[PDB]
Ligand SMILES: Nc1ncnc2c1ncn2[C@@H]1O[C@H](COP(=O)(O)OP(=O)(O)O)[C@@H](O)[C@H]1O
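The chain below stands alone and is given in structure tokens; this is the form solved without the ligand.
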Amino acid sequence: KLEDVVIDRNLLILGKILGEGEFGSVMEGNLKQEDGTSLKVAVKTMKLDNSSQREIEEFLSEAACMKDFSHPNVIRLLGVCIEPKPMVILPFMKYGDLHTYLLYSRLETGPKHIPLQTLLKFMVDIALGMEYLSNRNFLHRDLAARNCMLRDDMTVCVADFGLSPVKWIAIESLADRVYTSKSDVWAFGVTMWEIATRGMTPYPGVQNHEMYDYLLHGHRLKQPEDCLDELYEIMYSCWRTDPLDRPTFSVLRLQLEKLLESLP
């Protein structure tokens, strides 16, 4: 398990901090590869509960499982490093996260106004990434626009740069410890709304502490102004009270492809 993913620490050069949290940090870095070239990397350092070997074993098991994953809409895991501090090595993406990109697109110096066709392709990319993980019974647990990364060819891939998200958490997950693929589907619906609104924080006028009661009374994210009824119908189906009534990522992906293909 260790031998399959662990990269020698002297092959990694650490740079500046990109982001910092309570249980981790994201840093820019250089990784010397097998072919003798150096690749630009994003290094996610994680604080593990070292009071038992349960977290390090579960960490290495997930890393060994991820190494074998290969999909264009899922971030590629290059390997891991141990300084007992584990480090996740991922490719560095100059276009950054999708949430920041959507916000820059609304400003003059940032990318040009994103058309509807491009917004929907961002969604199809995430759905394709999530369909791949859902098929291998892998739970994301932190799906949001901030965790979706833009590759150099402008394709979107799913990642987890979280360093610890009440407004993305499924109603059943707020009531109980319960978290399934249908909870990732709820978070996807919220991720879609973030894209459609070009980076708005979910539920304007609603506090984080009011969220459970707000959802319990049947209220959901409102339809955005420039949003097609067919698109809002897809994101709303992600927020059905009973998780069983929510569509699979496979169904969601095809609905989005069919809707994207019907546009000029």
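Heads up, when I say rigid core I mean the largest set of C-alphas that superpose within 1.5 Å between the two forms. Shifts are known only where both forms have a C-alpha. Residue numbers run from 1 along the displayed sequence.
Omitted from view is the form solved in complex with the ligand, to which the following refers.
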Should the pocket be classed as open or blocked once the ligand, positioned as in the bound PDB entry, is overlaid via C-alpha superposition of the site (3 or more ligand atoms within 2.4 Å of backbone or C-beta atoms defines blocked)?
blocked
Look up in the bound PDB entry whether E172 has a non-hydrogen atom within 4.5 angstroms of the ligand, and give yes or no.
no
Heavy atom of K182 within 4.5 Å of the ligand in the bound PDB entry
no
Even though the partner isn't displayed, in the bound PDB entry is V26 close enough to the ligand, meaning a heavy atom within 4.5 Å?
yes
So, in the bound PDB entry, is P243 in contact with the ligand at a 4.5 angstroms heavy atom limit?
no
Can you say which of 37 to 45, 211 to 219, 193 to 201, 230 to 238 gets within 4.5 Å of the ligand in the bound PDB entry, counting heavy atoms only?
37 to 45
Pick from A187, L128, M149, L120: which residue has any heavy atom within 4.5 angstroms of the ligand in the bound PDB entry?
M149
With the ligand left out of view, choose which of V166, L116, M93, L103 has a non-hydrogen atom within 4.5 angstroms of it in the bound PDB entry.
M93
Core-aligned C-alpha movement of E55 between the shown form and the other one, 2 Å or more:
yes
Which stretches of at least three consecutive residues shift by 2 Å or more at every Cα between the shown form and the other one, once the core is superposed?
51 to 58, 161 to 164
